[PDB]
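Input: a single structure, listed below in structure tokens.
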10 protein chains.
Amino acid sequence: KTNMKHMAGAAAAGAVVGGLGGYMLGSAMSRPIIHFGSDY
Amino acid sequence: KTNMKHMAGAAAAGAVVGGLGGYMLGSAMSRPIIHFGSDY
Amino acid sequence: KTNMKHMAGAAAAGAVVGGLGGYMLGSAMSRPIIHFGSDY
Amino acid sequence: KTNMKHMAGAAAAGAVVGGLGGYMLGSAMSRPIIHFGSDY
Amino acid sequence: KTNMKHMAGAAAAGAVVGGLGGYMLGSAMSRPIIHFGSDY
Amino acid sequence: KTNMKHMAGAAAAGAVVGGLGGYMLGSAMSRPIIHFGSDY
Amino acid sequence: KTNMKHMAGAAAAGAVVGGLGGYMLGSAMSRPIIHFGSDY
Amino acid sequence: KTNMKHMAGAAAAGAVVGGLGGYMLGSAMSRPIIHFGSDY
Amino acid sequence: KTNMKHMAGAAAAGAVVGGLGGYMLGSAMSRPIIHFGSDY
Amino acid sequence: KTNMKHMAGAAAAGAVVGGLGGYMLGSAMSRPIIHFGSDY
């Protein structure tokens with residue numbers, strides 16, 4: 001029995017926020033997640 | 001028995017928020033997720 | 001018995017929000033997800 | 001017995017929101033999902 | 001017995017929202033999903 | 001003057017090749033492209 | 001003057017090739033393209 | 001004058017090649033590209 | 001004059017190659033590229 | 001004059017190669033690239 005499981009080459013997560021004009025009284029929220037496969 | 005399971009080449013998640021004009025009294029929310037396959 | 005399961009080449013999820021004019025008193029919400037196949 | 005199951009080449013999900021004129025007192029909501037095939 | 005099941009080349013889902021004129025007091029909601037075939 | 005040009009929500013291109021039976025002395029070639037609109 | 005041009009929600013291009021029986025001495029070629037509108 | 005040009009939410013390109021049976025004396029070539037809009 | 005140009009949320013490119021059966025005397029070549037918009 | 005150009009949230013490129021059966025006398029080549037927009 002041979003097993004190869006739960007792999008990925010490259011994974012990247014991020015966010016870019018830019019304040020250049022206007023007022024921006026609110027918010028700029030970002031929550032990007034990456035989850036692989038869990039074994040049971 | 002040979003097994004190859006739950007793989008992906010490249011996975012990327014993110015968001016770009018740009019404030020250049022207007023007021024932006026509200027919000028800019030982003031939640032992108034990536035989940036692979038879980039074993040049971 | 002040979003098995004090859006739950007794979008994908010490349011997967012990407014994200015959102016771009018741009019404030020350039022108007023007021024934007026509301027919101028700009030985005031939740032894009034990607035889920036692979038789970039084993040039972 | 002040979003098995004090849006639940007694969008896809010490339011999968012991408014996202015949204016683009018642009019505020020350039022008007023007021024936008026409301027919302028711009030987007031929830032695009034992609035789910036592969038689950039095994040039972 | 002040989003099996004090849006639940007595959008697709010490329011799958012993409014998203015939405016583009018543009019505020020350029022008018023008031024937009026309402027909403028712009030989009031929920032596009034893509035689901036493959038599940039095994040039982 | 002206000003301008004919004006050359007946008008798309010999500011774009012994905014790929015190919016899946018599976019060798020499970022037969023001989024496959026030939027080839028399996030795939031070249032899928034996606035090009036947006038160019039400005040002049 | 002207000003302008004909104006050359007947009008699409010989601011665009012995907014791909015191909016699936018499966019070798020399961022026979023000989024396949026020939027080829028399986030696929031070239032699907034997607035081009036948006038160009039400005040002049 | 002306000003300008004918003006050449007954007008996309010998420011873009012992904014890839015290929016999955018699987019050798020499980022047969023001989024595969026040939027090839028499995030894939031070249032998927034994605035190009036945005038160029039300014040002149 | 002305000003300018004917002006050549007953006008994307010998330011971009012991912014990759015390939016998965018799996019040798020599980022058969023001989024694979026040939027090749028498994030993949031070259032997926034992603035190019036944004038160039039300014040002139 | 002305000003300028004925001006050539007941005008992306010997250011970008012990832014990679015490849016996964018798995019040798020589990022067969023002979024693999026050939027090759028498994030992958031060259032995925034990602035290029036942003038160049039200014040002139």
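Residue numbers start at 1 in each chain; chains themselves are named A, B, ... in the order of the structure tokens; ligands are numbered from 1 in the order shown.
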
Contacts of chain J with chain B up to 10 Å, shortest pair per row, only C-alpha atoms, as a Markdown table:
| residue | atom | partner | partner_atom | distance |
| --- | --- | --- | --- | --- |
| J:2 | CA | B:20 | CA | 7.9 |
| J:3 | CA | B:20 | CA | 8.9 |
| J:4 | CA | B:18 | CA | 8.3 |
| J:7 | CA | B:16 | CA | 7.9 |
| J:8 | CA | B:16 | CA | 6.7 |
| J:9 | CA | B:14 | CA | 4.6 |
| J:10 | CA | B:14 | CA | 5.1 |
| J:11 | CA | B:12 | CA | 5.8 |
| J:12 | CA | B:12 | CA | 5.6 |
| J:13 | CA | B:10 | CA | 5.3 |
| J:14 | CA | B:10 | CA | 5.3 |
| J:15 | CA | B:9 | CA | 4.8 |
| J:16 | CA | B:9 | CA | 5.8 |
| J:17 | CA | B:9 | CA | 9.3 |
| J:18 | CA | B:4 | CA | 8.4 |
| J:19 | CA | B:4 | CA | 9.9 |
| J:20 | CA | B:2 | CA | 7.3 |
| J:21 | CA | B:2 | CA | 8.1 |
| J:32 | CA | B:10 | CA | 9.9 |

Least-squares superpose chain G on chain B across all ordered C-alpha pairs, then write out what you get as a PDB file with C-alpha atoms, in the first residue's frame.
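The result, written out as part.pdb:
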ATOM      1  CA  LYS G   1      -3.058  -0.582  -3.753  1.00  0.00           C
ATOM      2  CA  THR G   2      -1.737   2.829  -4.797  1.00  0.00           C
ATOM      3  CA  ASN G   3      -3.246   6.164  -3.822  1.00  0.00           C
ATOM      4  CA  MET G   4      -2.850   9.757  -5.025  1.00  0.00           C
ATOM      5  CA  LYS G   5      -5.290  12.207  -3.488  1.00  0.00           C
ATOM      6  CA  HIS G   6      -6.089  15.870  -2.775  1.00  0.00           C
ATOM      7  CA  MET G   7      -3.546  17.809  -4.827  1.00  0.00           C
ATOM      8  CA  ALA G   8      -3.397  21.116  -6.670  1.00  0.00           C
ATOM      9  CA  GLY G   9      -0.653  22.857  -8.604  1.00  0.00           C
ATOM     10  CA  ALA G  10      -0.969  26.444  -7.414  1.00  0.00           C
ATOM     11  CA  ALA G  11      -3.612  28.214  -5.346  1.00  0.00           C
ATOM     12  CA  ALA G  12      -3.770  31.942  -4.643  1.00  0.00           C
ATOM     13  CA  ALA G  13      -6.337  34.150  -2.923  1.00  0.00           C
ATOM     14  CA  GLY G  14      -6.309  37.879  -2.342  1.00  0.00           C
ATOM     15  CA  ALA G  15      -8.008  41.215  -2.775  1.00  0.00           C
ATOM     16  CA  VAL G  16      -7.097  44.712  -3.960  1.00  0.00           C
ATOM     17  CA  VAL G  17      -8.843  47.783  -2.522  1.00  0.00           C
ATOM     18  CA  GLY G  18      -8.258  51.226  -3.990  1.00  0.00           C
ATOM     19  CA  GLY G  19      -9.421  54.568  -2.642  1.00  0.00           C
ATOM     20  CA  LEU G  20      -8.979  57.303  -5.244  1.00  0.00           C
ATOM     21  CA  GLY G  21     -12.161  59.386  -5.237  1.00  0.00           C
ATOM     22  CA  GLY G  22     -15.535  59.711  -3.643  1.00  0.00           C
ATOM     23  CA  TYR G  23     -16.099  59.456   0.073  1.00  0.00           C
ATOM     24  CA  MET G  24     -16.159  55.709   0.962  1.00  0.00           C
ATOM     25  CA  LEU G  25     -18.230  55.979   4.140  1.00  0.00           C
ATOM     26  CA  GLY G  26     -19.157  52.312   3.870  1.00  0.00           C
ATOM     27  CA  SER G  27     -16.849  49.297   3.655  1.00  0.00           C
ATOM     28  CA  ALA G  28     -14.933  47.073   1.239  1.00  0.00           C
ATOM     29  CA  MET G  29     -15.039  43.545   2.659  1.00  0.00           C
ATOM     30  CA  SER G  30     -13.577  40.477   0.964  1.00  0.00           C
ATOM     31  CA  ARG G  31     -13.282  36.909   2.270  1.00  0.00           C
ATOM     32  CA  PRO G  32     -12.084  34.535  -0.467  1.00  0.00           C
ATOM     33  CA  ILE G  33     -11.279  31.022   0.758  1.00  0.00           C
ATOM     34  CA  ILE G  34      -9.855  27.895  -0.877  1.00  0.00           C
ATOM     35  CA  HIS G  35     -10.358  24.472   0.723  1.00  0.00           C
ATOM     36  CA  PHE G  36      -9.053  21.163  -0.603  1.00  0.00           C
ATOM     37  CA  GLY G  37     -10.681  17.750  -0.145  1.00  0.00           C
ATOM     38  CA  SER G  38     -10.821  16.216   3.323  1.00  0.00           C
ATOM     39  CA  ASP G  39     -10.448  12.478   3.936  1.00  0.00           C
ATOM     40  CA  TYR G  40     -12.810  10.412   6.078  1.00  0.00           C
TER      41      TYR G  40
END

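Inside chain B, the residues DSSP reads as strand (DSSP E) when given the backbone are residues 2, 3, 4, 5, 6, 7, 8, 9, 10, 11, 12, 13, 14, 15, 16, 17, 18, 19, 29, 30, 33, 34 and 35 of chain B.
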
Could those selected residues go to a file with C-alpha atoms, as an mmCIF file, in the first residue's frame?
data_model
loop_
_atom_site.group_PDB
_atom_site.id
_atom_site.type_symbol
_atom_site.label_atom_id
_atom_site.label_comp_id
_atom_site.auth_asym_id
_atom_site.auth_seq_id
_atom_site.Cartn_x
_atom_site.Cartn_y
_atom_site.Cartn_z
ATOM 1 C CA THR B 2 -1.737 2.829 -4.798
ATOM 2 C CA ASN B 3 -3.246 6.164 -3.822
ATOM 3 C CA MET B 4 -2.850 9.758 -5.025
ATOM 4 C CA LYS B 5 -5.289 12.207 -3.488
ATOM 5 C CA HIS B 6 -6.088 15.870 -2.776
ATOM 6 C CA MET B 7 -3.546 17.808 -4.827
ATOM 7 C CA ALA B 8 -3.397 21.116 -6.670
ATOM 8 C CA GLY B 9 -0.653 22.856 -8.604
ATOM 9 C CA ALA B 10 -0.969 26.443 -7.415
ATOM 10 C CA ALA B 11 -3.612 28.215 -5.346
ATOM 11 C CA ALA B 12 -3.770 31.943 -4.643
ATOM 12 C CA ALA B 13 -6.337 34.150 -2.923
ATOM 13 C CA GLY B 14 -6.310 37.879 -2.342
ATOM 14 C CA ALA B 15 -8.008 41.216 -2.775
ATOM 15 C CA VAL B 16 -7.097 44.712 -3.961
ATOM 16 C CA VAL B 17 -8.843 47.784 -2.522
ATOM 17 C CA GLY B 18 -8.258 51.226 -3.990
ATOM 18 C CA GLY B 19 -9.422 54.567 -2.642
ATOM 19 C CA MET B 29 -15.039 43.545 2.659
ATOM 20 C CA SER B 30 -13.577 40.476 0.964
ATOM 21 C CA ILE B 33 -11.279 31.022 0.758
ATOM 22 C CA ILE B 34 -9.856 27.895 -0.877
ATOM 23 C CA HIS B 35 -10.358 24.471 0.723
#
